[PDB]
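**Student:** Residue numbers (the entry's author numbering), protein chains in the order written: chain A, 1 to 38, 43 to 77, 89 to 252, 266 to 307; chain F, 1 to 77, 88 to 254, 266 to 308; chain G, 1 to 40, 43 to 79, 88 to 252, 266 to 307; chain D, 1 to 39, 42 to 78, 86 to 255, 263 to 307.
Encoded as structure tokens, here's the structure I'll be asking about.
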Amino acid sequence: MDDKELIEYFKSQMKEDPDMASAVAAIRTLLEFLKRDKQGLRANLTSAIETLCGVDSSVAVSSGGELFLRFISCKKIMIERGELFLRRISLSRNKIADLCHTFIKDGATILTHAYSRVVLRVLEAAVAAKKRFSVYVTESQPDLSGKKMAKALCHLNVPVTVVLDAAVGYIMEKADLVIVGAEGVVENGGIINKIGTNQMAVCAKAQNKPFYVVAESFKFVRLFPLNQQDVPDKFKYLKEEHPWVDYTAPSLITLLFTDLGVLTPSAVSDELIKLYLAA
Amino acid sequence: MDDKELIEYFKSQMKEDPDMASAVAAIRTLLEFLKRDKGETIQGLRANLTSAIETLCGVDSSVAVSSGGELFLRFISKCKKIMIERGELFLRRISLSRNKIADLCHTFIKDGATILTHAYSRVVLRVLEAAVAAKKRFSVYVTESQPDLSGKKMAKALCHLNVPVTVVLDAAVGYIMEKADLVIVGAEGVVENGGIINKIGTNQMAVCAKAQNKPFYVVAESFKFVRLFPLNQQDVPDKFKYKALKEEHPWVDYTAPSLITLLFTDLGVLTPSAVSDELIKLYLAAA
Amino acid sequence: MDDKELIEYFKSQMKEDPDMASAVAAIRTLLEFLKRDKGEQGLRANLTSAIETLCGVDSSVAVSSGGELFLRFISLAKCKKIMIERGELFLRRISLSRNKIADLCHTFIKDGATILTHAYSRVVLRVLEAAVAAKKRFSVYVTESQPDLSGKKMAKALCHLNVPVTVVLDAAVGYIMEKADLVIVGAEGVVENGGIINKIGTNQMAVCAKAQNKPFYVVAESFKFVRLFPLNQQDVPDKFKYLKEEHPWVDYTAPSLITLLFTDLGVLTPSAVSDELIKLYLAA
Amino acid sequence: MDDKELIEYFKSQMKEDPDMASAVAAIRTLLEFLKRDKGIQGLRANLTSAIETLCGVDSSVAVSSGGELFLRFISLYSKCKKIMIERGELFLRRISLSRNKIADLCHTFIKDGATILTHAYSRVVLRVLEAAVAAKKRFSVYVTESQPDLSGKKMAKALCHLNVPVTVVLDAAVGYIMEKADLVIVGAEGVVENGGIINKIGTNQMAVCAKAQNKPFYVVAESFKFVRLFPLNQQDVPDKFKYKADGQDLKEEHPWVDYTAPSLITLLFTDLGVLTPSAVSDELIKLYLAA
Ligand SMILES: [Cl-]
Numbered sequence: 001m002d003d004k005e006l007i008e009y010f011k012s013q014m015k016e017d018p019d020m021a022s023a024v025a026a027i028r029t030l031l032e033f034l035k036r037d038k043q044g045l046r047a048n049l050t051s052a053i054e055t056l057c058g059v060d061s062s063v064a065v066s067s068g069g070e071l072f073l074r075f076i077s089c090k091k092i093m094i095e096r097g098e099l100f101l102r103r104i105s106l107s108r109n110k111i112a113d114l115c116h117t118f119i120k121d122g123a124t125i126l127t128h129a130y131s132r133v134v135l136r137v138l139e140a141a142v143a144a145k146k147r148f149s150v151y152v153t154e155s156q157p158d159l160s161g162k163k164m165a166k167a168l169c170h171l172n173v174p175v176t177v178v179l180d181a182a183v184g185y186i187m188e189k190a191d192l193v194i195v196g197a198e199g200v201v202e203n204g205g206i207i208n209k210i211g212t213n214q215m216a217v218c219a220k221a222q223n224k225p226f227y228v229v230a231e232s233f234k235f236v237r238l239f240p241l242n243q244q245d246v247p248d249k250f251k252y266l267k268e269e270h271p272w273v274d275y276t277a278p279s280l281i282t283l284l285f286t287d288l289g290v291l292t293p294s295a296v297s298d299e300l301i302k303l304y305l306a307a
Numbered sequence: 001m002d003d004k005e006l007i008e009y010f011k012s013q014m015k016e017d018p019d020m021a022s023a024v025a026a027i028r029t030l031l032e033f034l035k036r037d038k039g040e041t042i043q044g045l046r047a048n049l050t051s052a053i054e055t056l057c058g059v060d061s062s063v064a065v066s067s068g069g070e071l072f073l074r075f076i077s088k089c090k091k092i093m094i095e096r097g098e099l100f101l102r103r104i105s106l107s108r109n110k111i112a113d114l115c116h117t118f119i120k121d122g123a124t125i126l127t128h129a130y131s132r133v134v135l136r137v138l139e140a141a142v143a144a145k146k147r148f149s150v151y152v153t154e155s156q157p158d159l160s161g162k163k164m165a166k167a168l169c170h171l172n173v174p175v176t177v178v179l180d181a182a183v184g185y186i187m188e189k190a191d192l193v194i195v196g197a198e199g200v201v202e203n204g205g206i207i208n209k210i211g212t213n214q215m216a217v218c219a220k221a222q223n224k225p226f227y228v229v230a231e232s233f234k235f236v237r238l239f240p241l242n243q244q245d246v247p248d249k250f251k252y253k254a266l267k268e269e270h271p272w273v274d275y276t277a278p279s280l281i282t283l284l285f286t287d288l289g290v291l292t293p294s295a296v297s298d299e300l301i302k303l304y305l306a307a308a
Numbered sequence: 001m002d003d004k005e006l007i008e009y010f011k012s013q014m015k016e017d018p019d020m021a022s023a024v025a026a027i028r029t030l031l032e033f034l035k036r037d038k039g040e043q044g045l046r047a048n049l050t051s052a053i054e055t056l057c058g059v060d061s062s063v064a065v066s067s068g069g070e071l072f073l074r075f076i077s078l079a088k089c090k091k092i093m094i095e096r097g098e099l100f101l102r103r104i105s106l107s108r109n110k111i112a113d114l115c116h117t118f119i120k121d122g123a124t125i126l127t128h129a130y131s132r133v134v135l136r137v138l139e140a141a142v143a144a145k146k147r148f149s150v151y152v153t154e155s156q157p158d159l160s161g162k163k164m165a166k167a168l169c170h171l172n173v174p175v176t177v178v179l180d181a182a183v184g185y186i187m188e189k190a191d192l193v194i195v196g197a198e199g200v201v202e203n204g205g206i207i208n209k210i211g212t213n214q215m216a217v218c219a220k221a222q223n224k225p226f227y228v229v230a231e232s233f234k235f236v237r238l239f240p241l242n243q244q245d246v247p248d249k250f251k252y266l267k268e269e270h271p272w273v274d275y276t277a278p279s280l281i282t283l284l285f286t287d288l289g290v291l292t293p294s295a296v297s298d299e300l301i302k303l304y305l306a307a
Numbered sequence: 001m002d003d004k005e006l007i008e009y010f011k012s013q014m015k016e017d018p019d020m021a022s023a024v025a026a027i028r029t030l031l032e033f034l035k036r037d038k039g042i043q044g045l046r047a048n049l050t051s052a053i054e055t056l057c058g059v060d061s062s063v064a065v066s067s068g069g070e071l072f073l074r075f076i077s078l086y087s088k089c090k091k092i093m094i095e096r097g098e099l100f101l102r103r104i105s106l107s108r109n110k111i112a113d114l115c116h117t118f119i120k121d122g123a124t125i126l127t128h129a130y131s132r133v134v135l136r137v138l139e140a141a142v143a144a145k146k147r148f149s150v151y152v153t154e155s156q157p158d159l160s161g162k163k164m165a166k167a168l169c170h171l172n173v174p175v176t177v178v179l180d181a182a183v184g185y186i187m188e189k190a191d192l193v194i195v196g197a198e199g200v201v202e203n204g205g206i207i208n209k210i211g212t213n214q215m216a217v218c219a220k221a222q223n224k225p226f227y228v229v230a231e232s233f234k235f236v237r238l239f240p241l242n243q244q245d246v247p248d249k250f251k252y253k254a255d263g264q265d266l267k268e269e270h271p272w273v274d275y276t277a278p279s280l281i282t283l284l285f286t287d288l289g290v291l292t293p294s295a296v297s298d299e300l301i302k303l304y305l306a307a
């Protein structure tokens with residue numbers, strides 16, 4: 001392969017299935033790349053392509069890519096362990112759905128932000144459990160991905176209501192819990208997500224509503240932010269500011285439903301070590 | 001409805017369905033008895049004559065029949091009463107228990123895991139069903155469980171879900187333990203200290219799993235939470251046991278909380294030590 | 001003799017005399033094999051071990067350890091065929107083992123004790139008799155021991171001595187353990203690390219006795235010391251062990280689950296067996 | 001030794017040393033009774051039992067829990090060789106260590122400059138606060154006078170004689186005063202299986218008010234006070250523990273103790289360690305089985 005063929009197999013892998021995590025698409029592309037040819045001679049040939057996939061700022065593409073590489077270790092066994100990794104990361108969503116939909120009381124009113132493939136999967140699991148619940152979702156500027164989310168939920172016949180980003184503090188009082196996804200989960204158990212998440216978390220804590228995060232383990236990223244500035248620019252981009273993500277501290281999170289299990293923010297560091305040192 | 005009717009009604013509830021739990025069949029019978037108790041009159045006597053029947057049903061040594069029965073009468077605080095509204099709301103909820111537990115627990119059965127269980131358990135059965143429905147691949151070892159051999163019945167039920175299963179002697183438990191990844195067991199009752207009262211042979215299976223670091227999981231409904239705190243076997247009421266050249270034949274033994282890893286309930290996953298807080302909330306439900 | 005006779009002789013040793021250990025019954029048929037066998043040389047040494055395996059009819063571990071020990075200590079030498095006199099010697103010595111043991115044990119069974127046992131054991135019966143008839147009052151608990159219910163058989167034997175005895179289900183060992191003072195058990199075989207192979211169910215009884223701090227004592231003859239070094243159930247040879268069903272006749276109990284072993288060689292803690300075993304196998 | 005003797009020996013022990021836990025005074029006289037008892043083994047048993055209950059003439063849960071635990075730990086020609094007395098003294102030697110272990114564990118949680126609120130008189134809380142002055146910590150106390158025996162006042166002097174600032178307040182001013190406190194430290198007459206506690210009437214009220222203002226509620230108590238009860242409400246505390254203790265119009269209400277559920281308690285400081293209410297059931301099993 002090469003640059004032309006990478007930014008392809010990848011970019012279209014996502015077209016054939018827009019339900020697929022940005023990260024999985026990429027890992028899928030690498031695994032494909034290893035299925036190319038003519043030792044460490046190739047090991048550098050790969051690293052040179054994750055950066056290439058820097059054609060998508062996603063924290064996940066970065067961290068998942070790193071994890072995929074670390075999992076690998089003539090070069091057959093590498094295309095094997097890599098397949099055993101892909102097959103594994105694509106089981107995360109079912110796991111997160113099983114684990115989390117259980118925390119949704121029947122008759123609950125849930126508040127979410129923007130669009131999340133995993134959250135959606137969680138709510139589907141809940142209807143499949145015969146749970147009756149309502150949903151409020153932010154419209155989420157500037158791409159209005161919350162309206163997208165509302166549409167998807169409407170098709171699963173879930174009563175959903177779209178409110179303005181500015182109305183979270185206002186609507187909070189009538190919600191029982193908050194469930195949002197993540198772009199990445201940092202070392203301290205906090206999360207990086209679509210701009211607006213932080214405010215929702217702050218507002219939920221003020222009224223004592225549990226704040227749940229659902230995200231795959233491959234989004235575990237090696238960063239320890241102390242505030243909004245410690246979040247690398249590459250992941251978020266005196267008259268106008270436009271960050272796509274913001275950071276939400278562990279103190280503002282109740283639990284994180286991950287494929288590694290249900291976790292408190294502080295328990296994340298232990299899991300993140302076991303994850304990166306897998307084998 | 002009189003005593004004759006009750007015992008008949010209760011027995012035909014399980015009749016029309018062997019897969020029903022004893023406490024649920026018993027709770028439904030209190031609901032009918034309640035309904036068919038217009039002959040009564042004072043809101044007090046309904047609640048009073050209703051206690052008289054629990055005992056009648058007590059003709060089922062089962063622990064759950066007591067706790068389910070007690071919990072039922074509790075969830076219910088003139089001649090015209092809305093108690094029945096609560097009694098049906100109560101029935102409506104304990105009927106979701108077994109299933110909440112199955113989709114709560116199956117997620118924890120890893121692929122290729124070998125599971126060890128004891129005798130026959132309706133809850134454990136629903137759990138495994140959810141696991142094959144989840145497309146998971148596992149195998150099972152189950153004690154034949156003397157003296158009624160319910161383990162063999164359990165095994166056949168599993169065989170009909172196409173789950174690979176092997177029946178082994180109650181004595182082969184410590185032997186087979188090394189080839190199991192985890193242990194899943196049901197319960198006749200969940201005690202205040204997070205421990206459990208179950209079919210004889212459970213205690214030693216737990217001790218054995220403990221010595222090999224094998225996780226030990228209990229899956230049980232909340233109506234099985236009972237107001238007892240035993241320190242050893244002797245502390246278990248005979249009403250539930252049937253015991254302590267002679268012979269002894271206790272039908273149940275006691276498993277301490279130090280021997281249980283997690284309990285999977287309709288109230289969520291619990292560690293043994295957290296059972297006491299949930300039992301409180303559960304018994305003071307009405308408030 | 002010939003295969004036929006061999007087995008027929010063996011089976012008719014324990015049948016008319018169950019009192020006798022399989023191992024001992026095996027060397028007896030072996031003395032006769034040898035005796036009744038005339039006309040050789044190495045032929046003898048080979049035809050004799052090539053039929054000792056035949057006595058495998060008894061998947062019993064003792065037949066194997068016994069046969070070897072017996073064979074090893076008579077081979078030291088048709089005048090050389092006076093191995094027979096060593097065989098009578100050996101068979102004469104091993105027939106004192108039960109007794110040295112029942113003696114090394116009268117001290118540990120204290121007046122008023124409650125003993126928990128598993129299945130049937132001739133050596134255990136002996137020890138308790140040498141204790142009761144020896145002015146001691148105790149009561150016993152024994153597992154019925156599926157599948158041949160040999161536990162009930164043991165019970166009856168204990169009743170005949172008017173010792174109070176209660177039979178419980180194998181499933182009730184962890185239930186009855188709190189009311190036991192100690193457990194005494196026999197062994198089909200003592201392995202090189204001080205552990206033991208015994209009737210299925212023995213293992214879990216030891217694990218429970220240990221969690222409740224109850225001393226676990228094994229009572230067995232030195233001719234049961236076998237050359238095997240298992241670390242788990244999987245290491246025990248199938249040859250001794252025998266919708267699916269698994270029916271292992273015996274299981275292994277690691278040495279850390281054993282307090283003391285009483286043998287004709289003296290009372291031993293599990294970590295002493297290995298050295299004894301060798302100091303035993305290597306005897307002139 | 002007959003009943004009159006027991007009682008006098010028991011009250012002497014308490015007059016001898018007023019800082020001695022009531023339960024400690026009790027097992028001591030049980031030990032003395034066991035030493036004199038000139039009566042077979044079975045006798046000795048119900049004898050050292052049909053007196054422990056006689057000591058029950060101090061309707062305190064502790065005296066009951068202590069005795070029970072003592073008989074348990076002590077229990078097991087043969088006659089005389091009773092190694093019971095030896096075990097007895099050993100048990101006695103360990104429980105007398107407890108109070109200090111609590112002092113050490115707890116004072117660590119008293120932030121310098123903190124205002125602590127207490128209820129009635131508690132010997133262990135007194136020891137905890139001494140362990141605090143010793144650690145060079147500066148704090149101030151607020152304590153309820155505690156009707157009807159006004160034991161809170163006596164607590165205030167003890168503290169005054171230790172030089173710690175202390176203010177006495179009416180039992181009715183706890184909700185009012187809560188505002189000024191940083192935390193609540195109260196003792197216990199008994200710790201029940203669910204982690205809750207039985208203590209001087211007025212305790213529950215303080216814990217409920219503490220929780221409402223998110224003030225940490227700490228309990229300091231020796232493990233011989235772990236009792237086998239699982240109360241669900243006030244009516245569940247046996248009457249022998251709340252009455253005779255220390263027409264139309266009725267003062268018919270003079271309970272000496274009340275119950276404080278596990279959800280109103282933050283931490284229990286024990287010789288067995290710093291435990292959260294849920295962890296109590298496992299320690300109570302270990303305590304009662306250890307033997
Ligand atoms: Cl998906």
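Ideal Cβ positions, reconstructed from N, Cα and C, are used throughout, including at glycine.
Near residue 249 of chain A, which residues of its chain fall below 7 Å by C-beta distance, leaving aside the five closest residues on each side in sequence?
**Tutor:** Within its own chain, the residues whose Cβ lies closer than 7 Å to the Cβ of residue 249 of chain A, once the five positions on either side in sequence are excluded, are 61, listed in chain order.
**Student:** What number of angstroms, rounded off, separates the C-alpha of residue 274 of chain D from the C-alpha of residue 100 of chain D?
**Tutor:** 29 Å
**Student:** Name the chain G residues that come within less than 7 Å of residue 68 of chain F, Cβ to Cβ?
**Tutor:** Under the 7 Å cutoff, chain G gives no residues; its nearest Cβ is about 25 Å from residue 68 of chain F.
**Student:** From the beta carbon of residue 266 of chain F, is the nearest beta carbon of chain A less than 7 Å away?
**Tutor:** no
**Student:** On the DSSP bridge list, what partners appear for residue 274 of chain D?
**Tutor:** D/208
**Student:** At a threshold of 6 Å, does residue 103 of chain D count as lining ligand 1 (C-beta to nearest heavy atom)?
**Tutor:** No, ligand 1 has no heavy atom inside 6 Å of this Cβ.
**Student:** Quick one: measure Cβ to Cβ for residue 171 of chain F and residue 139 of chain F, integer angstroms, because I've assumed they're closer than 8 Å.
**Tutor:** The pair is a contact, with the Cβ atoms about 6 Å apart (cut-off 8 Å).
**Student:** Count the other C-beta atoms from every protein chain shown that fall within 10 angstroms of the C-beta of residue 55 of chain D, then say buried if there are 16 or more, exposed otherwise.
**Tutor:** exposed
**Student:** Closest to residue 288 of chain D by CA distance: which of D/265, D/115 and D/207 is it?
**Tutor:** D/115
**Student:** Beta strand (DSSP E) containing residue 151 of chain D: first to last residue?
**Tutor:** 149–153
**Student:** Less than 6 Å separating the Cβ of residue 237 of chain A from some heavy atom of ligand 1?
**Tutor:** When distances are taken from the beta-carbon of residue 237 of chain A to the heavy atoms of ligand 1, even the shortest one reaches 6 Å or more.
**Student:** Residue 205 of chain D and residue 277 of chain D - do their beta-carbons sit closer together than 7 Å?
**Tutor:** yes
**Student:** Just tell me which of G/167, G/191, G/156 and G/164 has its CA closest to the CA of residue 181 of chain G.
**Tutor:** G/156
**Student:** For residue 161 of chain D, I'd like the list of residues in its chain whose CB is within less than 6 Å of its CB, leaving aside the five on either flank, ordered along the chain.
**Tutor:** 129, 152, 153, 154 and 155.
**Student:** Closer than 7 Å, Cβ to any Cβ of chain F: which residues of the stretch 114–126 of chain A, in chain order?
**Tutor:** Residues passing the 7 Å Cβ filter: 114 and 117.
**Student:** Quick check: the Cα distance between residue 216 of chain G and residue 31 of chain D, rounded to an integer number of angstroms?
**Tutor:** 38 Å
**Student:** If I measure Cβ to Cβ from residue 307 of chain D and keep anything under 7 Å in the same chain, skipping five residues before and after, which residues do I get?
**Tutor:** 74 and 75
**Student:** Suppose you measure from the CA of residue 12 of chain D to the CA of residue 106 of chain D; what does that come to, to the nearest Å?
**Tutor:** 22 Å
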